[PDB]
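Just below is one structure, and these are the notes that go with it.
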Amino acid sequence: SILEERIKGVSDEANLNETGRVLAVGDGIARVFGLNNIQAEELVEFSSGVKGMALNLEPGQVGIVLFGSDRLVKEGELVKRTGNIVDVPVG
Amino acid sequence: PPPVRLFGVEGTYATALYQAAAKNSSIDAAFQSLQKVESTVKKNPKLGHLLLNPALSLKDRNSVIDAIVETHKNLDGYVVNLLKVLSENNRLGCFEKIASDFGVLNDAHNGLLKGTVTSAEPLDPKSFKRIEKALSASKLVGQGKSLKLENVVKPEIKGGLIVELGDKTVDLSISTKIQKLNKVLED
């Protein structure tokens, strides 16, 4: 319809499922918006060169913990699900 | 001026909206139009359920606002500016909220006293007319205020019914009486 079409033209599009986008960062913890498929204690990999572990999944938001570095992460970059729990090699 | 203060947060907006629209005597117009422009956001199933909660900047949302008023030109000048205010503070999830409150404020002006007459099961239509008659007769609605009866089915009301409107209620249920009884059993 025309109503949907005027929204579609002025929108960059989003939805935010299986990726999320950061809202604010600092204290060596970050706040990402979305990520409603994540597992509890999963590892996420950021598109900035850093990995973090989700600790608090709150409705409609997630609080990742950044394993070093506060520089790489900035508000508006995309956080992606690795899809596996945090593990370490054993053997 | 506002007539009475109702609602907590996101009612500061609704309050403010009625008192601005009060000076012209066109709140009824403003509110109707708001229902029709809100519904056309909903019948935008993507980006009108997927952009109520913050997800994009203030500015993109503002431009989503500009696009909503260019496609619907009847919205009244108070509600075309209220949207601007909401977009700049960067909120749209409590958009239905100001709308709902603004309806209550408006219908206090119309002089409608909205009411739910929950029952266990849907009652007959005759039972309805008679409740509307009676409730008018009873001093809970002094007259001057036009009651509406809205039927609801709640099988969680286990037997009986509850008549609710304003701050005045008559609870003539079976369900409560059972709960009270069950506790009371000692012998």
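Line by line, the protein sequences are chains X and Y.
This note's numbering puts the first residue of the first sequence at 40, with every later residue one more than the last.
This note's numbering puts the first residue of the second sequence at -3, with every later residue one more than the last.
Just so you know, even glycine gets a beta-carbon here, dropped at the ideal spot from N, CA and C.
query = Could one say the Cβ of Y:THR114 lies closer than 8 Å to chain X's Cβ atoms, at least one of them?
reply = no
inquiry  = Looking at the strands, I want to know which residues DSSP matches up with X:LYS119.
reply    = X:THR58 and X:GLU84
query = Which runs of the alpha helix (DSSP H), 4 residues or longer, sit entirely within the segment 52 to 138 of chain Y?
reply = 54 to 67, 73 to 84, 92 to 106 and 121 to 133
Span of the alpha helix (DSSP H) around Y:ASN178 = 171 to 180
Host alpha helix (DSSP H) of Y:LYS32 (start-end) = 24 to 38
request  = Look at the Cβ atom of Y:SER132, then the Cβ atom of Y:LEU143, and state whether they are nearer than 8 Å.
outcome  = yes
query = In the DSSP assignment, what are the bridge partners of Y:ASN147?
reply = Y:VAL113
message = Cutting at 8 Å between CB atoms, please list the residues of its own chain near Y:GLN15, excluding the five before and the five after it.
response = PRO(-3) and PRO(-2)
request  = Give me whichever residues DSSP pairs with X:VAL89 in a beta bridge.
outcome  = X:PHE85
Identified DSSP bridge partners for Y:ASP167 = Y:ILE158
ask   = So with Cβ pairs under 8 Å, would you call X:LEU117 a contact of chain Y?
value = no
message = I'd like to confirm something about X:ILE41: is its beta-carbon nearer than 7 Å to some heavy atom of the ligand FMN, or not?
response = By its list of ligands, the structure shown contains no ligand whatsoever, and the ligand FMN lies outside what it can speak to.
query = Is the segment 50 to 60 of chain X close to the segment 114 to 126 of chain X, with three or more CB pairs under 8 Å?
reply = yes
request  = In angstroms with no decimal places, state the Cα-to-Cα distance between Y:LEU79 and X:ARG70.
outcome  = 27 Å
key: Where X:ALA63 sits in the DSSP three-state scheme   = strand
Alpha carbon of Y:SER35 to alpha carbon of X:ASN54, nearest angstrom = 20 Å
request  = Could you spell out the range, first to last residue, of the alpha helix (DSSP H) harbouring X:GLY48?
outcome  = 41 to 48
request  = Consult DSSP for X:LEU94 and reduce its assignment to one of helix, strand or coil.
outcome  = strand
request  = Below 8 Å between beta carbons is the criterion; list the residues of the segment 49 to 67 of chain Y that meet it against any residue of chain X, in chain order.
outcome  = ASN49, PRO50, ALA51, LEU52, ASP56, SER59, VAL60, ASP62, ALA63, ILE64, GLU66 and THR67
inquiry  = Quick check on Y:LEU13: does DSSP put it in helix, strand or coil?
reply    = helix
Neighbour flag for Y:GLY138 against chain X, beta carbons, 8 Å = no
request  = Closer than 9 Å by beta-carbon distance: list the chain X residues that pair up with Y:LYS39, in chain order.
outcome  = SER40, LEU42 and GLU43
ask   = On the premise that Y:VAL113 lies in contact with Y:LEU145, defined as a C-beta separation below 8 Å, what is that separation, rounded to the nearest angstrom?
value = 5 Å
task = Quick one: using the 10 Å Cβ neighbour count with 16 as the cut-off for buried, is X:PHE85 buried or exposed?
result = buried
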